[PDB]
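Visitor: Below is a structure I'd like to ask you about.
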Amino acid sequence: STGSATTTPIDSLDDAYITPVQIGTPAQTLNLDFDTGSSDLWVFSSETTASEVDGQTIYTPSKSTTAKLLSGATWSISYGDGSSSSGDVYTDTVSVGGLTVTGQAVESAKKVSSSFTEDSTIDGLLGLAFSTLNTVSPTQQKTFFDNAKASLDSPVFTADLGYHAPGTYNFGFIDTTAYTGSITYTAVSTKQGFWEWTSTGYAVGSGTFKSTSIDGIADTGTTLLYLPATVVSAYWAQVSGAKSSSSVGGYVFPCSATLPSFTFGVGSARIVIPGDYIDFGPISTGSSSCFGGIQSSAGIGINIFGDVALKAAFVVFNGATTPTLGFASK
Ligand SMILES: Nc1ccc(OCc2cn([C@@H]3CNC[C@H]3O)nn2)cc1
Ligand SMILES: Nc1ccc(OCc2cn([C@@H]3CNC[C@H]3O)nn2)cc1
């Protein structure tokens, strides 16, 4: 089997991407944030504290004839950015882009943190990291991809995120028309439950490529590109007037600037992020100071190849017995 679904930016800055997901019988379609940095499929629901719901579409398991409460199971997730959610668990039928899993654990939120409430466009998350990170207790549950894997034509999914435009998540096949050149595959460590890999270096604009190992995670659920402070300083030094602002929370730059590209290495291959992908717009409405899309990972503890990087590539998440990651230009 295969599936293919369009993923759409939630706003004009590509702050996140939503993909429609069918849950239950009859289907309830929710727009979920596909997140290769976490492993829980959780949704706003009929069980979510009413004051914590503000415009999201909810899943109501009592209206799904295929839903079954997973007796005694709860979940609770604390994301690296400080957001959180928790609740109860159902099993139900879940379909993405024509690919159907029966008995998928659908984690229903009883509580969500304010950042989730305040984002009316995101009805929940669909985790695509490794199932070892799933938070359901006392019986850990499998991700949608893990449940689908054996049925798929090939045990892979691909992320093709658009810049200020829709893109595609495919399951079970590689669309050879969706990229240029070849796909370069690179080793993955699953020891922390993430799609962790090692970039071979970087360049800023038309500058020389610096060969240096940069360990990090491929994370569709993180908006920005978070890299070591040395790398980030070298990038922003090429933007006149750019500075790290403690009050704003990172590098900002004059909105009048034209930004240089940023290149990262995948083996001997090179993925070029155009400068415009690094512009996240005014820090507050009407300001002429703009927020940068490349930021230091120093406060995070891990480097994160988030959407800013991934949207410059066609990315293969290869879930074979020994997982690997593939990157192609597009
Ligand atoms: N600035 C920053 C960014 C990332 C970070 O940690 C990783 C992380 C990623 N996410 C996703 C977005 N919110 C829920 C998740 O899907 N949450 N935490 C810590 C600080
Ligand atoms: N699943 C999926 C994702 C994205 C997609 O297409 C995006 C796109 C839009 N455009 C042009 C913009 N104005 C004239 C258009 O032709 N080109 N590509 C098609 C299917």
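Labeling convention for the structure tokens: chains A, B, ... as they appear, residues from 1 per chain, ligands from 1 in order of appearance.
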Please identify every residue of chain A that has at least one atom no farther than 6 Å from an atom of ligand 2, counting only C-alpha atoms and all ligand atoms, and for each give the shortest atom pair and the distance in Å to one decimal, arranged by chain then increasing number, as CSV.
Guide:
```
residue,atom,partner,partner_atom_place_in_ligand_line,distance
A:6,CA,ligand 2,1 (N),3.9
A:165,CA,ligand 2,7 (C),5.9
A:166,CA,ligand 2,4 (C),4.4
A:167,CA,ligand 2,3 (C),3.8
A:168,CA,ligand 2,1 (N),4.6
```
Visitor: Per residue of chain A within 10 Å of ligand 1, which atom pair is closest and at what distance in Å (one decimal), using only C-alpha atoms and all ligand atoms, listed by chain and increasing number, as JSON lines?
Guide:
```
{"residue": "A:15", "atom": "CA", "partner": "ligand 1", "partner_atom_place_in_ligand_line": "12 (C)", "distance": 9.8}
{"residue": "A:16", "atom": "CA", "partner": "ligand 1", "partner_atom_place_in_ligand_line": "12 (C)", "distance": 8.6}
{"residue": "A:33", "atom": "CA", "partner": "ligand 1", "partner_atom_place_in_ligand_line": "16 (O)", "distance": 7.3}
{"residue": "A:34", "atom": "CA", "partner": "ligand 1", "partner_atom_place_in_ligand_line": "16 (O)", "distance": 8.0}
{"residue": "A:35", "atom": "CA", "partner": "ligand 1", "partner_atom_place_in_ligand_line": "16 (O)", "distance": 5.6}
{"residue": "A:36", "atom": "CA", "partner": "ligand 1", "partner_atom_place_in_ligand_line": "16 (O)", "distance": 8.2}
{"residue": "A:37", "atom": "CA", "partner": "ligand 1", "partner_atom_place_in_ligand_line": "9 (C)", "distance": 6.6}
{"residue": "A:38", "atom": "CA", "partner": "ligand 1", "partner_atom_place_in_ligand_line": "16 (O)", "distance": 6.6}
{"residue": "A:39", "atom": "CA", "partner": "ligand 1", "partner_atom_place_in_ligand_line": "16 (O)", "distance": 9.6}
{"residue": "A:40", "atom": "CA", "partner": "ligand 1", "partner_atom_place_in_ligand_line": "16 (O)", "distance": 9.8}
{"residue": "A:77", "atom": "CA", "partner": "ligand 1", "partner_atom_place_in_ligand_line": "14 (C)", "distance": 9.4}
{"residue": "A:78", "atom": "CA", "partner": "ligand 1", "partner_atom_place_in_ligand_line": "17 (N)", "distance": 8.1}
{"residue": "A:79", "atom": "CA", "partner": "ligand 1", "partner_atom_place_in_ligand_line": "18 (N)", "distance": 4.3}
{"residue": "A:80", "atom": "CA", "partner": "ligand 1", "partner_atom_place_in_ligand_line": "6 (O)", "distance": 3.4}
{"residue": "A:81", "atom": "CA", "partner": "ligand 1", "partner_atom_place_in_ligand_line": "19 (C)", "distance": 3.5}
{"residue": "A:82", "atom": "CA", "partner": "ligand 1", "partner_atom_place_in_ligand_line": "18 (N)", "distance": 6.7}
{"residue": "A:83", "atom": "CA", "partner": "ligand 1", "partner_atom_place_in_ligand_line": "13 (N)", "distance": 6.2}
{"residue": "A:84", "atom": "CA", "partner": "ligand 1", "partner_atom_place_in_ligand_line": "14 (C)", "distance": 7.7}
{"residue": "A:85", "atom": "CA", "partner": "ligand 1", "partner_atom_place_in_ligand_line": "14 (C)", "distance": 9.7}
{"residue": "A:115", "atom": "CA", "partner": "ligand 1", "partner_atom_place_in_ligand_line": "13 (N)", "distance": 8.3}
{"residue": "A:116", "atom": "CA", "partner": "ligand 1", "partner_atom_place_in_ligand_line": "13 (N)", "distance": 8.4}
{"residue": "A:124", "atom": "CA", "partner": "ligand 1", "partner_atom_place_in_ligand_line": "16 (O)", "distance": 9.4}
{"residue": "A:125", "atom": "CA", "partner": "ligand 1", "partner_atom_place_in_ligand_line": "16 (O)", "distance": 7.0}
{"residue": "A:126", "atom": "CA", "partner": "ligand 1", "partner_atom_place_in_ligand_line": "16 (O)", "distance": 8.9}
{"residue": "A:127", "atom": "CA", "partner": "ligand 1", "partner_atom_place_in_ligand_line": "16 (O)", "distance": 8.1}
{"residue": "A:217", "atom": "CA", "partner": "ligand 1", "partner_atom_place_in_ligand_line": "7 (C)", "distance": 9.7}
{"residue": "A:219", "atom": "CA", "partner": "ligand 1", "partner_atom_place_in_ligand_line": "9 (C)", "distance": 7.5}
{"residue": "A:220", "atom": "CA", "partner": "ligand 1", "partner_atom_place_in_ligand_line": "16 (O)", "distance": 8.0}
{"residue": "A:221", "atom": "CA", "partner": "ligand 1", "partner_atom_place_in_ligand_line": "16 (O)", "distance": 4.3}
{"residue": "A:222", "atom": "CA", "partner": "ligand 1", "partner_atom_place_in_ligand_line": "9 (C)", "distance": 4.8}
{"residue": "A:223", "atom": "CA", "partner": "ligand 1", "partner_atom_place_in_ligand_line": "12 (C)", "distance": 7.4}
{"residue": "A:224", "atom": "CA", "partner": "ligand 1", "partner_atom_place_in_ligand_line": "3 (C)", "distance": 7.5}
{"residue": "A:225", "atom": "CA", "partner": "ligand 1", "partner_atom_place_in_ligand_line": "3 (C)", "distance": 9.0}
{"residue": "A:226", "atom": "CA", "partner": "ligand 1", "partner_atom_place_in_ligand_line": "3 (C)", "distance": 7.8}
{"residue": "A:249", "atom": "CA", "partner": "ligand 1", "partner_atom_place_in_ligand_line": "1 (N)", "distance": 8.9}
{"residue": "A:250", "atom": "CA", "partner": "ligand 1", "partner_atom_place_in_ligand_line": "1 (N)", "distance": 9.3}
{"residue": "A:295", "atom": "CA", "partner": "ligand 1", "partner_atom_place_in_ligand_line": "1 (N)", "distance": 8.4}
{"residue": "A:296", "atom": "CA", "partner": "ligand 1", "partner_atom_place_in_ligand_line": "1 (N)", "distance": 9.1}
{"residue": "A:297", "atom": "CA", "partner": "ligand 1", "partner_atom_place_in_ligand_line": "20 (C)", "distance": 8.1}
{"residue": "A:298", "atom": "CA", "partner": "ligand 1", "partner_atom_place_in_ligand_line": "20 (C)", "distance": 9.8}
{"residue": "A:299", "atom": "CA", "partner": "ligand 1", "partner_atom_place_in_ligand_line": "20 (C)", "distance": 7.5}
{"residue": "A:300", "atom": "CA", "partner": "ligand 1", "partner_atom_place_in_ligand_line": "19 (C)", "distance": 5.4}
{"residue": "A:301", "atom": "CA", "partner": "ligand 1", "partner_atom_place_in_ligand_line": "19 (C)", "distance": 8.6}
{"residue": "A:302", "atom": "CA", "partner": "ligand 1", "partner_atom_place_in_ligand_line": "6 (O)", "distance": 8.3}
{"residue": "A:303", "atom": "CA", "partner": "ligand 1", "partner_atom_place_in_ligand_line": "7 (C)", "distance": 9.3}
{"residue": "A:304", "atom": "CA", "partner": "ligand 1", "partner_atom_place_in_ligand_line": "7 (C)", "distance": 7.5}
{"residue": "A:306", "atom": "CA", "partner": "ligand 1", "partner_atom_place_in_ligand_line": "9 (C)", "distance": 8.6}
```
Visitor: Have a look at A:70, A:320, A:96, A:5 and name the one nearest to residue 21 (chain A); count only C-alpha atoms.
Guide: A:96
Visitor: Calculated over only C-alpha atoms, which of the candidates A:28, A:98, A:279, A:134 has the smallest distance to residue 192 (chain A)?
Guide: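 Smallest separation from residue 192 (chain A) among the options: A:134.
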Visitor: Could you go through region 78-119 of chain A and tell me which residues DSSP, when run on the backbone, assigns to helix (DSSP H, G or I), listing them as a PyMOL selection string?
Guide: chain A and resi 114-117
Visitor: By how many Å are CA of residue 61 (chain A) and CA of residue 75 (chain A) apart?
Guide: 16.4 Å
Visitor: Compare A:25, A:230, A:74, A:263 by their minimum atom-to-atom distance to residue 107 (chain A), counting only C-alpha atoms, and give me the closest one.
Guide: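 Among the listed residues, the smallest separation from residue 107 (chain A) belongs to A:74.
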Visitor: Contacts of residue 271 (chain A) at 8 Å or less, counting only C-alpha atoms, minus same-chain residues fewer than 6 places along, as a count of residues only?
Guide: 8
Visitor: Smallest atom-to-atom distance to residue 323 (chain A): which of A:72, A:155, A:55, A:282, using only C-alpha atoms?
Guide: A:155
Visitor: Env of residue 234 (chain A): 12 Å cut, atoms = only C-alpha atoms, seq-sep filter 6 positions within chain, self excluded. Answer as a list in words.
Guide: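 Near neighbours after the sequence-gap exclusion: residues 202, 203, 204, 205, 207, 208, 210, 227, 228, 242, 243, 251, 260, 262, 294, 295 and 296 of chain A.
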